[PDB]
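Take a look at this single chain, the form solved without the DNA, given in structure tokens.
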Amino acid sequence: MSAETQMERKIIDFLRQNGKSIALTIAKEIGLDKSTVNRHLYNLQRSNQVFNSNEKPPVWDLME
């Protein structure tokens, strides 16, 4: 407990800043693989930090 889950949230936040979207974009944003993205979003998902959010295309973005 220090800043573990913070990593997940920071990478999507970068994405968030260019344009939150699906996991496929996140992968391009950070130059990582989509499976990598999946693990990160999965953490935040269950944590109710990240989920699909409010818009018409169910965004992988957050409310924070």
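Counting begins at 1, following the sequence as shown.
Missing here is the form deposited with the DNA bound; even so, the following discussion is about that form.
Asker: Thinking of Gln6, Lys28 and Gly31 as the candidate spot, does the DNA come within 4.5 Å of a heavy atom on all of them in the deposited complex?
Answerer: Negative, none of the three is within 4.5 Å.
Asker: Please run the contact check for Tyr42 against the DNA in the deposited complex: heavy atoms, 4.5 angstroms, yes or no?
Answerer: Yes.
Asker: At 4.5 Å, heavy atom to heavy atom, what parts of 34-59 sit next to the DNA in the deposited complex? List them in sequence order, or say none.
Answerer: Sequence-ordered list: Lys34, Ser35, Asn38, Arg39, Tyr42, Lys56, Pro57, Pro58.
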